[PDB]
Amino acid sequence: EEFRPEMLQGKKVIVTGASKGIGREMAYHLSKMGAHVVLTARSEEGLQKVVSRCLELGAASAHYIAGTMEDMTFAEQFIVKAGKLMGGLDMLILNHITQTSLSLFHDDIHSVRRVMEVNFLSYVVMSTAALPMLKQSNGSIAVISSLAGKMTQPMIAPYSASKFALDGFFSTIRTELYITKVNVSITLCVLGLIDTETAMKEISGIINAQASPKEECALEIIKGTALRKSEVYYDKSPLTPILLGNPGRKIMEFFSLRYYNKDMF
């Protein structure tokens, strides 16, 4: 099956971490496709600015609810509100991350808790809150991850821990939805280094690799999620999906189901 921008015309989409970077670009692409969009981040001003441009780009409707994903009550309330604002949900885009700087791990335990809370726990809170709505529309979740969520690199231990945690959790949920015959798709988006100002600022003088453009990245996520793919790899090397693909895991995953009591689902 091939992608059509028509697939997102009139769809009700949530985009977290939408005030800058990849999130803002997804907001923009979704608007040009004519979707109903509800955006979130902490910066009320930044969200206001992107909602304006969204309406201008051709968004069916554009809403925002500012807040921190450090608060689990906020994370779940946000979904309920957004769902009411659009009268449903077709696609949930879990994209925000808490701030992290490249550092050889030393003793920041409070940073590690904040990373797990924002980058991991909030995503499970929101997916659980959005699932009844998504079950109705036969919807989709896009879980934004990284190469650091499939492999390891120095100076990003807490971050890598959170992206790995998302893979572990959402891959279990995906399998669970499939075996219970629930038509809700889960797309884990494995991203390489991207053009975002925050990313580029963070790596400066530490990492030398070339970054991919944020606009193309945002579109590849949307396309992949719309096409209901389990995984999307977006990175400069075409070797990355073959190297990180892990068909061995896929074989083990399929074969292991033979030991489960089918009555459980």
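Position 1 is the first residue in the sequence shown; the rest follow in order.
Mean CA B-factor, 139 to 147 versus 78 to 86: the higher value falls on 78 to 86. Look at the mean CA B-factor for 216 to 224 and for 60 to 68 in the entry; the higher one is 60 to 68. The maximum CA B-factor among the listed residues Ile206, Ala199, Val232, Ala35, taken from the PDB record, is found at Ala35.
Per the deposited record, the Cα B-factor of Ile14 falls in the middle third when ranked against the other modelled residues of its chain. When the CA B factors of the chain's modelled residues are split into thirds, the value for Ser160 lands in the lowest one.
Per the PDB record, residue ranking by Cα B-factor puts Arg174 in the middle third of the chain.
Remark: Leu121 belongs to the middle third of its chain, ranked by C-alpha B-factor as recorded. Ranked by Cα temperature factor within the chain, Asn183 sits in the highest third according to the deposited record.
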